[PDB]
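What follows is a short report on a single structure.
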Amino acid sequence: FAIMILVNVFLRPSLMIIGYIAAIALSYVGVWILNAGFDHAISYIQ
Amino acid sequence: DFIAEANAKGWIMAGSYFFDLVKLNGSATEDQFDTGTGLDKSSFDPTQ
């Protein structure tokens with residue numbers, strides 16, 4: 001019962017940083033994905 | 001004409017073509033009066 005928790009609390013901060021900067025990238029491309037097709041998904045609707 | 005362009009874009013952006021596809025598959029299963037003359041804007045006031 002000590003194993004799974006002990007590694008968790010050991011790795012939780014580092015992994016959080018792993019998911020921070022990486023996520024900062026993803027959200028970036030997020031907007032671009034939208035801008036890749038929004039004007040075409042709104043084409044007939046406008 | 002979108003088909004080839006979609007081939008240029010790939011698979012992620014297939015969603016934005018939806019109403020084009022509906023514009024197509026549906027087409028696979030498928031008295032005149034002047035409007036906007038602007039004569040309504042005309043006015044006639046006798047009190048002048």
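In the structure tokens, chains take the letters A, B, ... in the order shown, each chain's residues start at 1, and ligands count up from 1 in the order shown.
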(request) Find the residues in chain A near chain B: any atom within 8 Å counts, using only C-alpha atoms. Write them as number ranges by chain. (result) A: 36-38, 40-41, 44
Go ahead and write the residues just picked, N, CA and C atoms, as a PDB file, in the first residue's frame.
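After the write, result.pdb holds the following:
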```pdb
ATOM      1  N   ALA A  36      -7.600  26.906 -39.249  1.00  0.00           N
ATOM      2  CA  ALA A  36      -7.395  26.105 -40.445  1.00  0.00           C
ATOM      3  C   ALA A  36      -8.699  25.868 -41.189  1.00  0.00           C
ATOM      4  N   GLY A  37      -9.829  25.838 -40.484  1.00  0.00           N
ATOM      5  CA  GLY A  37     -11.055  25.465 -41.161  1.00  0.00           C
ATOM      6  C   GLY A  37     -12.296  26.258 -40.818  1.00  0.00           C
ATOM      7  N   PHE A  38     -12.191  27.182 -39.862  1.00  0.00           N
ATOM      8  CA  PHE A  38     -13.373  27.905 -39.405  1.00  0.00           C
ATOM      9  C   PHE A  38     -14.057  28.630 -40.557  1.00  0.00           C
ATOM     10  N   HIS A  40     -14.168  27.912 -43.501  1.00  0.00           N
ATOM     11  CA  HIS A  40     -14.850  26.960 -44.364  1.00  0.00           C
ATOM     12  C   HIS A  40     -16.017  26.268 -43.678  1.00  0.00           C
ATOM     13  N   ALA A  41     -15.978  26.122 -42.354  1.00  0.00           N
ATOM     14  CA  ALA A  41     -17.123  25.575 -41.640  1.00  0.00           C
ATOM     15  C   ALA A  41     -18.252  26.585 -41.527  1.00  0.00           C
ATOM     16  N   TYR A  44     -21.153  28.109 -45.987  1.00  0.00           N
ATOM     17  CA  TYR A  44     -22.559  28.146 -46.375  1.00  0.00           C
ATOM     18  C   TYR A  44     -23.402  28.853 -45.326  1.00  0.00           C
TER      19      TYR A  44
END
```
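For the pair CA of residue 7 in chain A and CA of residue 26 in chain A, the interatomic distance is 27.0 Å.
In this structure, CA of residue 5 in chain A sits 19.2 Å away from CA of residue 18 in chain A.
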